[PDB]
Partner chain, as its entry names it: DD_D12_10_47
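Taking the form deposited without its partner chain, here's one chain by itself in structure tokens.
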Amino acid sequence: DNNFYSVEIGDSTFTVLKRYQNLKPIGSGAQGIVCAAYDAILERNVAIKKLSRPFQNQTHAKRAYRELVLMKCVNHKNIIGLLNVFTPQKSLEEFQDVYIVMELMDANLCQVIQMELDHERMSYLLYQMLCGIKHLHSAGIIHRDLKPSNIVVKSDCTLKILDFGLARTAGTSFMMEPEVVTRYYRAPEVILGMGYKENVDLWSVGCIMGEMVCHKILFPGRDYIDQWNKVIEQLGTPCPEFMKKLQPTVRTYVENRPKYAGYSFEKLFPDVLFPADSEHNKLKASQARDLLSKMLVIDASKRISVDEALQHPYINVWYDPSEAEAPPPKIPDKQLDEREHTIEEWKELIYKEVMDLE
């Protein structure tokens, strides 16, 4: 009755401001459980995530923080809104558990990927997804983990991006922890330790839009390394220009693989899988396929960007300057790309964050 409480959430325990009722799970992941709840005070339902071991490693810290920060510093109608963030512990001593609260849609894109849409829906859905990202990119922010699990739709046919716990900027490194993004969607620059640009997201975007048409994961991959082989078997071995960019160690292996020419996108994606072409030009299989072939490209330097995705004949017939080129968000300057701290030191910033964010 200390104005909080706990609920036996499946495997573990939760602790939230009484206002949140009927906590049933929906999100079981690599960042902790996330259950739906009915915020009374709000008169609308919400979702609550409980960060799993936020201080376990000097890295989780770096992610929990960015998570928070970025959830706060960035807004769009296509980015899950941060309703709140709280902690039950009273002081930094106690402090170690953080619950984040945000609006909740109706389902997962995995739910969509299991139904056949039409150019209207599919194109619109991609459009929204594309606007959501453009927002992040406009601030030099990369998501590094776009996938179905991180995209939600609601009955009114609108979608919103999710999770930022892995979201960051820059690209110095080759990703010391590339093992983190979800295999089936890793972009070539990630797989082959390379240093990514913003366009490293449009790859995942292709892997997804391809999943909505095919209805199966685009590039399977029984393991971190098999992933690559699944990519080339589809799109064919990259050219020598590309190879010349890999670390000496990676370049050699990448060159000792069998050579695949790949298959045409008309083959990878025959018409029949795409919605029914009407008679209208902009929303045709030809176009949807064309956009695909410009995202599913190994060489990042030759791969489309959001700017152009939003301008493409298939996604462009919804284009709206506001949504498209909204105002670039603005993080203070805490967010960076390297800045390392202690387990405690990090914990320090989190608290003084969870606080003025309560």
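Whichever C-alpha set is largest while still superposing within 1.5 Å between the two forms counts as the rigid core. Residue numbers count along the first chain shown, from 1.
Legend: mean Cα B-factor per stretch from the PDB entry, 34-42 versus 306-314; the higher mean is in 34-42. Judged by mean Cα B factor in the deposited record, 76-84 ranks above the other of 247-255 and 76-84. Take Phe95, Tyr224, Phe274, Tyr185 and read off each C-alpha B-factor from the entry; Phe95 has the highest. In the PDB entry, a CA B factor belonging to the middle third of its chain's modelled residues is recorded for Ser149. In the deposited entry, the Cα temperature factor of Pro178 sits in the top third of values across the chain's modelled residues.
Among all modelled residues in its chain, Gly165 ranks in the highest third by Cα B-factor. Among the modelled residues of its chain, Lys90 has a C-alpha B-factor that falls in the highest third according to the deposited record. Ranked by C-alpha B-factor against the other modelled residues of its chain, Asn199 falls in the lowest third.
The discussion below concerns the form solved in complex with its partner chain, not included here.
Remark: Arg186 counts among the residues lining its partner chain in the deposited bound form, judged by a heavy atom distance of 4.5 Å or less. Using a 4.5 angstroms limit between non-hydrogen atoms, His76 is distant from its partner chain in the deposited bound form. Its partner chain is not shown here, but in the deposited bound form it comes within 4.5 Å of a heavy atom of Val190. Residue contact with its partner chain in the deposited bound form: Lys147 places no heavy atom within 4.5 Å of it. Scanning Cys207, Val98, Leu235, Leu166 against its partner chain in the deposited bound form with a 4.5 Å heavy atom cut-off leaves one residue, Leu166. Of the listed positions (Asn45, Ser305, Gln58, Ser52), a single one reaches within 4.5 angstroms of its partner chain by any non-hydrogen atom in the deposited bound form, namely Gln58.
Comment: 190-198 is the region of 265-273, 135-143, 190-198, 79-87 lying near its partner chain in the deposited bound form, near meaning a non-hydrogen atom within 4.5 Å.
Counting a residue when any of its non-hydrogen atoms is within 4.5 Å of its partner chain in the deposited bound form, the hits in 249-274 run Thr249, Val250, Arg251, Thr252, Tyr253, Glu255, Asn256, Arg257. No residue in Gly81, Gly221, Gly262, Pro88 other than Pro88 shows a CA shift of 2 angstroms or more between the shown form and the other one after fitting the rigid core.
If you fit the rigid core between the shown form and the other one, you'll see the Cα of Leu296 move by less than 2 angstroms.
In the core-superposed comparison between the shown form and the other one, the C-alpha atom of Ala309 has shifted by less than 2 angstroms. Annotation: Cα of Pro275 displaced by at least 2 Å between the shown form and the other one, core superposition. By 3 Å or more, the C-alpha separation between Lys160 and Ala170 shrinks in the deposited bound form relative to the form shown here. By 3 Å or more, the C-alpha separation between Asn281 and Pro270 shrinks in the deposited bound form relative to the form shown here.
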